[PDB]
>>> print(open('work33.tsv').read())   # TSV, N, CA, C and O atoms
chain	number	residue	atom	x	y	z
A	1	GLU	N	34.36	9.08	-19.33
A	1	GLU	CA	33.08	9.29	-20.04
A	1	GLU	C	33.20	10.40	-21.08
A	1	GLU	O	34.30	10.76	-21.50
A	2	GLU	N	32.06	10.92	-21.50
A	2	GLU	CA	31.97	11.82	-22.62
A	2	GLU	C	31.23	13.09	-22.24
A	2	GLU	O	30.63	13.15	-21.18
A	3	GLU	N	31.28	14.09	-23.10
A	3	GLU	CA	30.61	15.36	-22.83
A	3	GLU	C	29.17	15.10	-22.50
A	3	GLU	O	28.60	15.70	-21.62
A	4	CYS	N	28.62	14.14	-23.15
A	4	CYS	CA	27.30	13.76	-22.87
A	4	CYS	C	27.34	12.84	-21.72
A	4	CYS	O	26.83	13.16	-20.67
A	5	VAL	N	28.05	11.75	-21.88
A	5	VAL	CA	27.80	10.64	-21.05
A	5	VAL	C	28.37	10.84	-19.68
A	5	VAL	O	28.22	10.01	-18.78
A	6	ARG	N	29.03	11.96	-19.51
A	6	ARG	CA	29.41	12.38	-18.24
A	6	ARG	C	28.82	13.72	-17.91
A	6	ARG	O	28.00	13.84	-17.02
A	7	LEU	N	29.21	14.69	-18.70
A	7	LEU	CA	29.06	16.09	-18.35
A	7	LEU	C	27.63	16.45	-18.30
A	7	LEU	O	27.21	17.28	-17.51
A	8	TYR	N	26.90	15.80	-19.15
A	8	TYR	CA	25.56	16.17	-19.43
A	8	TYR	C	24.69	15.50	-18.52
A	8	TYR	O	23.70	16.01	-18.07
A	9	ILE	N	25.06	14.33	-18.30
A	9	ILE	CA	24.36	13.51	-17.46
A	9	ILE	C	24.56	14.00	-16.05
A	9	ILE	O	23.62	14.13	-15.30
A	10	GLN	N	25.78	14.36	-15.75
A	10	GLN	CA	26.10	15.06	-14.54
A	10	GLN	C	25.31	16.38	-14.51
A	10	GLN	O	24.68	16.71	-13.51
A	11	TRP	N	25.30	17.08	-15.63
A	11	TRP	CA	24.56	18.31	-15.81
A	11	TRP	C	23.09	18.07	-15.59
A	11	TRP	O	22.35	18.92	-15.11
A	12	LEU	N	22.68	16.87	-15.95
A	12	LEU	CA	21.33	16.46	-15.92
A	12	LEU	C	20.93	16.29	-14.47
A	12	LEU	O	19.78	16.51	-14.08
A	13	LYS	N	21.92	15.90	-13.70
A	13	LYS	CA	21.80	15.78	-12.25
A	13	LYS	C	21.61	17.15	-11.64
A	13	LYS	O	20.79	17.33	-10.74
A	14	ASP	N	22.37	18.10	-12.15
A	14	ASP	CA	22.25	19.49	-11.76
A	14	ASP	C	20.86	19.97	-12.09
A	14	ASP	O	20.29	20.82	-11.40
A	15	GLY	N	20.32	19.43	-13.17
A	15	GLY	CA	18.99	19.77	-13.55
A	15	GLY	C	18.80	19.87	-15.04
A	15	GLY	O	17.72	20.23	-15.50
A	16	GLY	N	19.84	19.56	-15.80
A	16	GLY	CA	19.79	19.73	-17.18
A	16	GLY	C	19.44	21.11	-17.62
A	16	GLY	O	20.04	22.09	-17.26
A	17	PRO	N	18.53	21.16	-18.50
A	17	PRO	CA	17.98	22.40	-19.00
A	17	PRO	C	17.35	23.24	-17.90
A	17	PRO	O	16.88	24.36	-18.13
A	18	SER	N	17.37	22.71	-16.68
A	18	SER	CA	17.00	23.45	-15.50
A	18	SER	C	18.22	23.61	-14.61
A	18	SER	O	18.18	24.30	-13.59
A	19	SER	N	19.29	22.96	-15.01
A	19	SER	CA	20.54	23.00	-14.27
A	19	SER	C	21.13	24.39	-14.35
A	19	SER	O	21.58	24.96	-13.35
A	20	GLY	N	21.13	24.93	-15.56
A	20	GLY	CA	21.63	26.27	-15.77
A	20	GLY	C	22.50	26.34	-17.01
A	20	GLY	O	22.62	27.38	-17.64
A	21	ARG	N	23.10	25.21	-17.35
A	21	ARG	CA	23.92	25.11	-18.53
A	21	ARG	C	23.05	24.55	-19.63
A	21	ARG	O	21.96	24.04	-19.36
A	22	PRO	N	23.50	24.63	-20.88
A	22	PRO	CA	22.89	23.89	-21.96
A	22	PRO	C	23.50	22.51	-22.04
A	22	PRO	O	24.69	22.33	-21.79
A	23	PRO	N	22.68	21.52	-22.37
A	23	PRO	CA	23.06	20.13	-22.31
A	23	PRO	C	24.35	19.86	-23.07
A	23	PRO	O	24.46	20.14	-24.26
A	24	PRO	N	25.35	19.30	-22.36
A	24	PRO	CA	26.62	18.87	-22.98
A	24	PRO	C	26.35	17.91	-24.12
A	24	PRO	O	27.00	17.96	-25.16
A	25	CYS	N	25.39	17.03	-23.89
A	25	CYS	CA	25.02	16.01	-24.85
A	25	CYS	C	24.56	16.64	-26.16
A	25	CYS	O	23.46	17.23	-26.19
>>> encode(input="work33.tsv", output="structure tokens")
Amino acid sequence: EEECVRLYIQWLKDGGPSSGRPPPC
């Protein structure tokens, strides 16, 4: 996948902009 289509989305699972990181996407 991609920074977005993996990392971010994974990040998005973490909570996205509530996850703690800024969106990879």
>>> select_by_dssp(input="work33.tsv", residues="chain A", states="alpha helix (DSSP H)", output="PyMOL selection string")
chain A and resi 9-14
>>> axis_aligned_box(input="work33.tsv", around="segment 6-19 of chain A", padding_each_side="8 Å", output="JSON")
{"center_x": 23.1, "center_y": 18.5, "center_z": -15.1, "size_x": 28.5, "size_y": 29.0, "size_z": 24.8}
>>> atom_distance(input="work33.tsv", atom1="atom O of residue 23 of chain A", atom2="atom N of residue 2 of chain A")
12.3 Å
>>> residues_near_point(input="work33.tsv", point="(24.6, 19.5, -26.3)", cutoff="8 Å", atoms="all atoms listed in the file", output="list in words")
residues 3, 4, 8, 22, 23, 24 and 25 of chain A
